[PDB]
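Protein chains in written order, with the authors' numbering: chain A, 14 to 70, 76 to 617, 641 to 676, 689 to 699; chain H, 1 to 119; chain L, 1 to 110. Using N, Cα and C, we set each Cβ at its ideal position, and we do this for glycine too. These notes are about the structure you will find just below.
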Amino acid sequence: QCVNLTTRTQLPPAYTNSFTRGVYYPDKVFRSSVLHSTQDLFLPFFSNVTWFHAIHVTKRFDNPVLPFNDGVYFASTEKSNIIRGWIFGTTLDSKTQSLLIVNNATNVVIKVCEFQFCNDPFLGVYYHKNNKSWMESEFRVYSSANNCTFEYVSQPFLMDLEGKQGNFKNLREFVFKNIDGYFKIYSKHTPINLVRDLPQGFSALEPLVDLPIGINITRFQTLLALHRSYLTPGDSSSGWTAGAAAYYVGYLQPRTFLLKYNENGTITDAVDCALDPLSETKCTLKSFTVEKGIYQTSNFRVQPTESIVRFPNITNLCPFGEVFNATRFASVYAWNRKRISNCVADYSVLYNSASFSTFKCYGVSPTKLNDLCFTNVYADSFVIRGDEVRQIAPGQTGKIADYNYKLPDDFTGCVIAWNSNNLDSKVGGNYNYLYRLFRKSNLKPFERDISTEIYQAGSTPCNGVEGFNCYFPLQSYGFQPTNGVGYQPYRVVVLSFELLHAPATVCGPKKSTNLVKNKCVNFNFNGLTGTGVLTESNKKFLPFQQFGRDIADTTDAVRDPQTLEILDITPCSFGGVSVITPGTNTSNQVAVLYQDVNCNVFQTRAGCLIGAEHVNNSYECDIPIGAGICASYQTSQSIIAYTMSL
Amino acid sequence: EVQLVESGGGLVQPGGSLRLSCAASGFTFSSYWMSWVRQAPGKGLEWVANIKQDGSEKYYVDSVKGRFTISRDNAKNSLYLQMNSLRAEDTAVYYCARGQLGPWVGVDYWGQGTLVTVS
Amino acid sequence: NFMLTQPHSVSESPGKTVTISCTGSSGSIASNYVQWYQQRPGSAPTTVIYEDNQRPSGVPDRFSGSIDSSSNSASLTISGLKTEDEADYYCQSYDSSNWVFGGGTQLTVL
Ligand SMILES: *[C@@H]1O[C@H](CO)[C@@H](O[C@@H]2O[C@H](CO)[C@@H](O)[C@H](O)[C@H]2NC(C)=O)[C@H](O)[C@H]1NC(C)=O
Ligand SMILES: *[C@@H]1O[C@H](CO)[C@@H](O)[C@H](O)[C@H]1NC(C)=O
Ligand SMILES: *[C@@H]1O[C@H](CO)[C@@H](O)[C@H](O)[C@H]1NC(C)=O
Ligand SMILES: *[C@@H]1O[C@H](CO)[C@@H](O)[C@H](O)[C@H]1NC(C)=O
Ligand SMILES: *[C@@H]1O[C@H](CO)[C@@H](O)[C@H](O)[C@H]1NC(C)=O
Ligand SMILES: *[C@@H]1O[C@H](CO)[C@@H](O)[C@H](O)[C@H]1NC(C)=O
Ligand SMILES: *[C@@H]1O[C@H](CO)[C@@H](O)[C@H](O)[C@H]1NC(C)=O
Ligand SMILES: *[C@@H]1O[C@H](CO)[C@@H](O)[C@H](O)[C@H]1NC(C)=O
Ligand SMILES: *[C@@H]1O[C@H](CO)[C@@H](O)[C@H](O)[C@H]1NC(C)=O
């Protein structure tokens with residue numbers, strides 16, 4: 014069971030700075046006098062860390083459910099042993115496996131099951147009147163659990179439950195990690211005499227235990243113990259005390275560290291590779307001592323920002339006008355067949371209008387039609403009454419669907435239908451439109467018939483004359499101006515798209531973004547995906563060329579198709595980060611040198650030099666740079694660059 | 001991410017004239033279909049009107065035929081909805097509905113809307 | 001005079017698959033596209049199923065649709081039936097230069 018707290022005045026969390034903290038043994042191996050670099054999750058040096066308060070003198079009780087990232091750092095400068103344990107989980111509602119570490123006064127157990135936590139688990143400490151000792155009775159951390167698969171009891175660590183307000187005398191650090199479902203705990207007790215601003219000392223954290231757990235962890239909470247003496251009434255509403263305590267919480271991120279080992283196989287110092295250029299120079303040379311001279315650590319490369327596309331001027335269009343604006347329409351049994359190819363497809367006016375009645379596109383989705391490029395486009399056209407419009411779709415059967423026009427079951431095209439009653443019928447009605455009622459068998463899809471032979475239905479032939487048991491399959495339509503809506507004539511145009519081995523001849527429209535210049539951008543001018551700047555050239559092009567190369571056979575000149583401008587292609591920038599070092603036991607600052615990148642800061646002939654001040658006078662030089670300019674450490690005193698004296 | 005802002009209501013009038021506006025941003029206003037959709041409080045959805053991207057064609061439902069008008073422009077990326085001869089049935093919330101290709105793709109775009117009551 | 005007929009209270013079931021039917025009477029709904037709209041009660045509506053065979057980006061796959069031309073009805077199926085389903089559904093087709101909307105199918109008890 015648990016109880017809820019009341020709203021009171023708290024203190025906002027503050028931020029402090031770490032000083033060479035969060036270093037542990039990354040493996041279970043022995044290294045003696047070895048400078049070994051490994052990729053593992055540590056705490057970066059001089060990084061922002063989260064700080065919480067736990068001292069009563076007011077009433078600061080802040081234990082939020084902080085998220086669990088990849089590896090955490092937990093440092094506590096505990097003196098009176100107020101901290102008890104830690105809990106972990108994801109949703110904290112008895113739905114997933116969740117972890118419970120409580121270091122109790124008798125023994126340490128590690129149970130991980132679906133316990134039912136409250137909004138703030140805590141341990142209650144009471145002061146007995148007859149017994150002058152502190153004991154813990156309020157076991158309120160959860161309600162109950164259903165089932166689990168793992169449990170572990172640790173060594174019986176002895177605890178003091180007396181709380182005081184004095185200065186801290188011990189410092190405890192804890193590191194919790196979870197790779198591949200394995201739980202890691204790293205800890206080491208280091209006595210110190212300090213209250214705030216943790217010292218710059220170094221202390222590697224030895225592994226403690228390696229419980230295999232195999233669950234997901236994303237949230238965690240901190241457990242604190244309060245005291246109930248005779249001064250407080252004893253109710254957990256507004257009056258309580260907790261002594262003096264403080265804890266720190268940090269988050270680990272993957273970094274590359276070079277670790278120093280002694281003859282005893284213990285870690286002494288650590289140097290980063292992505293924190294300081296001096297640290298990078300130290301860790302690249304695999305040595306803790308750097309002499310004077312030039313050094314190369316890594317490279318420098320600029321990345322593209324935008325991505326511009328300028329297709330050529332689209333003036334090509336498909337003959338979709340007269341195939342829809344046709345004065346005369348053929349019969350259903352003699353439907354027209356028109357092939358459309360070698361043109362840029364334009365369906366925008368096809369779907370932007372709404373005079374049509376049917377826009378059902380089988381096989382392919384009409385929402386993406388400008389992006390699809392096809393080889394052949396076919397368009398049929400016939401007139402059918404409003405009742406026999408659903409028979410056009412494949413699968414359905416009927417007189418029109420099986421005797422005049424049949425579509426395949428794997429159609430990947432579109433059907434366009436609209437109503438035109440006044441145009442297709444006068445006051446007297448139309449009688450020039452024919453259709454088939456009878457046929458020997460069914461019709462295979464995409465097959466039309468022109469023969470108008472008398473159909474016989476019986477067994478006795480009629481000798482090719484009009485009579486009984488044989489009639490005319492071809493018959494006319496009767497149309498009226500005042501007929502029903504379903505009897506009104508409708509014009510149906512069917513679009514068919516197919517793919518063959520020939521190159522695609524129909525394509526959608528092409529967009530064109532605005533052109534920016536003098537910037538490291540990416541462009542695709544129909545023949546290459548080139549990234550670079552686009553400067554203004556002074557060389558004209560013959561009026562038939564779109565590409566352009568150089569002596570080294572590299573595409574470095576492409577003409578803008580819409581404005582007929584000649585633009586050059588140039589890589590943005592690349593190079594390395596060279597560093598000049600005064601040497602060991604002489605200085606600590608370095609200067610960054612670029613070989614050919616063009617930009641305290643001095644613009645030298647041999648690239649860009651920063652961190653070194655140029656002087657006009659010339660002395661003898663010791664550290665070579667190039668182009669008759671060296672660097673030296675001269676008078689405080691800083692790194693100076695000057696022309697070398699012969 | 002497309003922002004739609006509507007502020008055209010907030011007052012009651014019997015049989016008067018009302019001015020509703022939908023403001024849109026984050027896309028090209030002159031290349032997609034547009035629509036207006038209203039809902040009575042506690043009732044189902046129903047369609048009011050639609051317009052083409054260039055404003056050439058404007059259609060309404062037969063209930064509001066004869067009255068009502070809709071217009072658009074692409075310079076300021078805004079809509080104009082004007083109403084006249086209101087009735088007591090017009091207590092509804094109004095959404096400016098954005099199209100993609102035409103009347104077949106679907107509405108798929110609804111504003112937050114503005115509460116419009118008459119009394 | 002096209003209308004779309006659909007119920008008002010269905011799918012009051014925990015954690016399984018239940019289908020909702022939308023049908024018309026004046027004409028065939030399979031000629032044009034029909035769409036399903038999902039509306040938050042008291043806020044902006046949204047859209048769950050469109051194109052009869054598509055769903056907006058970010059929409060979970062639990063929702064699915066189908067077309068039965070024999071009964072002239074459109075079926076919307078929800079599989080997960082999770083805690084984020086408290087809405088009323090609508091069915092929308094197009095006849096000729098006009099739009100008709102469904103009556104509404106309230107779903108609150110999940
Ligand atoms: C023939 O096809 C063209 C192409 O769509 C139609 O021309 C358009 O007609 C609309 C009618 O309002 C105008 O708004 C457009 O400006 C026209 N565009 C062009 C490029 O001319 C034309 O209407 C069709 N003919 C018929 C009889 O419908
Ligand atoms: C830590 O963050 C705070 C605010 O986020 C900032 O004021 C402070 O300077 C940071 N500390 C360091 C060492 O950068
Ligand atoms: C200390 O706490 C643990 C945590 O569950 C518990 O198992 C143990 O019984 C407690 N010790 C005593 C003496 O109650
Ligand atoms: C019960 O334990 C089994 C392992 O034996 C585990 O797979 C299962 O998830 C547990 N039950 C629940 C509800 O998590
Ligand atoms: C736990 O969560 C992680 C990440 O969300 C996931 O990869 C893993 O499959 C989950 N395991 C269980 C048992 O839910
Ligand atoms: C560590 O090695 C040094 C080098 O001889 C030695 O003086 C020291 O006693 C060793 N410490 C331990 C704990 O073995
Ligand atoms: C490209 O077409 C536009 C109009 O579509 C025109 O203004 C421009 O001059 C054309 N570019 C040429 C011809 O280079
Ligand atoms: C370096 O760049 C600056 C500004 O971009 C320019 O003024 C200068 O001429 C460049 N240097 C060389 C050698 O091109
Ligand atoms: C060095 O002295 C010369 C003398 O004329 C002067 O022109 C130049 O600006 C000086 N350079 C610096 C960096 O002071």
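- Query: Among all the DSSP beta bridges, which residues are the ones paired with L:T105?
  - Reply: L:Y89
- Message: Using beta carbons (cut-off 9 Å, strictly below), is L:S21 in contact with chain A?
- Response: no
- Query: By Cβ distance, which residues of its chain are closer than 6 Å to A:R457, with the 5 residues on each side in sequence left out?
  - Reply: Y421
- Message: I'd like to know if H:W33 contacts chain A, where contact means its C-beta is closer than 9 Å to some C-beta of that chain.
- Response: yes
- Can at least three beta-carbon pairs, one atom from the stretch 646–657 of chain A and one from the stretch 323–341 of chain A, be found at a separation below 8 Å? no
- Sort H:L4, H:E89 and H:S119 by Cα distance to H:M34 and report the nearest one. H:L4
- Can you tell me where the alpha helix (DSSP H) with A:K300 in it begins and where it stops? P295 to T302
- Around the Cβ of A:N658, are there at least 16 other Cβ atoms within 10 angstroms (buried) or fewer (exposed)? exposed
- Paired residues, beta bridge with A:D53 - DSSP: A:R273
- Message: Quick check: is any heavy atom of ligand 7 less than 8 Å from the C-beta of A:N437?
- Response: no
- Message: Could you check whether A:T307 and A:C291 sit closer than 9 Å to each other, using their CB atoms as the reference points?
- Response: no
- Query: H:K58 versus chain A: which residues are under 8 Å apart at the beta carbon?
  - Reply: Those do not exist, as H:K58 stays about 11 Å from chain A at its closest Cβ, beyond 8 Å.
- Item | Closer than 7 Å to ligand 4: residues, by C-beta to nearest heavy atom, in chain order | A:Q115, A:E132, A:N164, A:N165, A:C166 and A:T167
- Message: By the DSSP assignment, the alpha helix (DSSP H) with A:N370 in it spans what residues?
- Response: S366 to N370
- Message: For a contact defined as C-beta to C-beta under 8 Å, what are the partners of A:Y369 on chain H?
- Response: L101, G102 and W104
- Between which two residues does the beta strand (DSSP E) carrying A:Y421 extend? Segment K417 to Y421 is the alpha helix (DSSP H) holding A:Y421; no beta strand (DSSP E) there.
- Would you please verify whether the beta carbon of H:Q112 is less than 9 Å from any beta carbon of chain L? At least one CB of chain L lies nearer than 9 Å to the CB of H:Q112.
- Are the C-beta atoms of H:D108 and some chain L residue less than 9 Å apart? yes
- Query: For L:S26, which residues of its own chain have a beta-carbon under 6 Å away from its beta-carbon, when the five flanking residues on both sides are left out?
  - Reply: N1 and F2
- Item | Positions along the stretch 26–39 of chain L whose CB lies within less than 8 Å of some CB in chain A | If you check each beta-carbon in the stretch 26–39 of chain L against every beta-carbon of chain A, the ones closer than 8 Å belong to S28, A30, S31, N32 and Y33.
- Message: Is any non-hydrogen atom of ligand 5 found closer than 8 Å to the C-beta of A:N87, if you look at the structure I gave you?
- Response: no
- Quick one: is A:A372 near chain H, going by C-beta distance under 9 Å? yes
- Task: Check L:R40 in the structure and name its three-state DSSP category.
- Result: Look at L:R40 here: in three-state DSSP terms it is coil, with no helix or strand label.
- Query: H:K52 touches chain A at which residues, Cβ-Cβ below 9 Å?
  - Reply: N370, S371 and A372
- Given that residue 124 of chain L touches chain H, what residues does it touch there, using C-beta distances under 8 Å? In this structure chain L extends from 1 to 110, so residue 124 of chain L is not present and cannot be described.
- Check each candidate in A:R190, A:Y508 and A:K310 and name the one with the smallest Cα separation from A:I664. A:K310
- Put A:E471 into one of helix, strand or coil per three-state DSSP. Coil.
- Message: Once DSSP output is grouped into helix, strand and coil, what is the label at A:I105?
- Response: When DSSP states are grouped into helix, strand and coil, A:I105 belongs to the strand group.
- Message: Let me make sure I understand the geometry here. Which of L:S57, L:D95, L:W36 and L:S97 has the alpha-carbon closest to that of L:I78?
- Response: L:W36
- May I ask you to list, following chain order, the residues of the stretch 72–97 of chain L that have a beta carbon less than 9 Å from some beta carbon of chain H? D88, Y90, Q92, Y94 and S97
- Task: Indicate, with yes or no, if ligand 6 has a heavy atom lying under 8 Å from the CB of A:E654.
- Result: no
- Pull out every residue of the stretch 407–429 of chain A whose Cβ sits closer than 9 Å to any Cβ of chain L, in chain order. From the stretch 407–429 of chain A, only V407, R408, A411, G413 and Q414 have a Cβ closer than 9 Å to chain L.
- Message: Suppose contacts are defined by Cβ-Cβ distances below 9 Å. Is L:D85 in contact with L:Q106 by that definition?
- Response: no
- Query: If you draw a straight line from the C-alpha of L:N72 to the C-alpha of A:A372, how long is it?
  - Reply: 24 Å
- Query: For A:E661, which of helix, strand or coil comes out of DSSP?
  - Reply: coil
- Is the stretch 210–217 of chain A close to the stretch 227–242 of chain A, with three or more CB pairs under 8 Å? no
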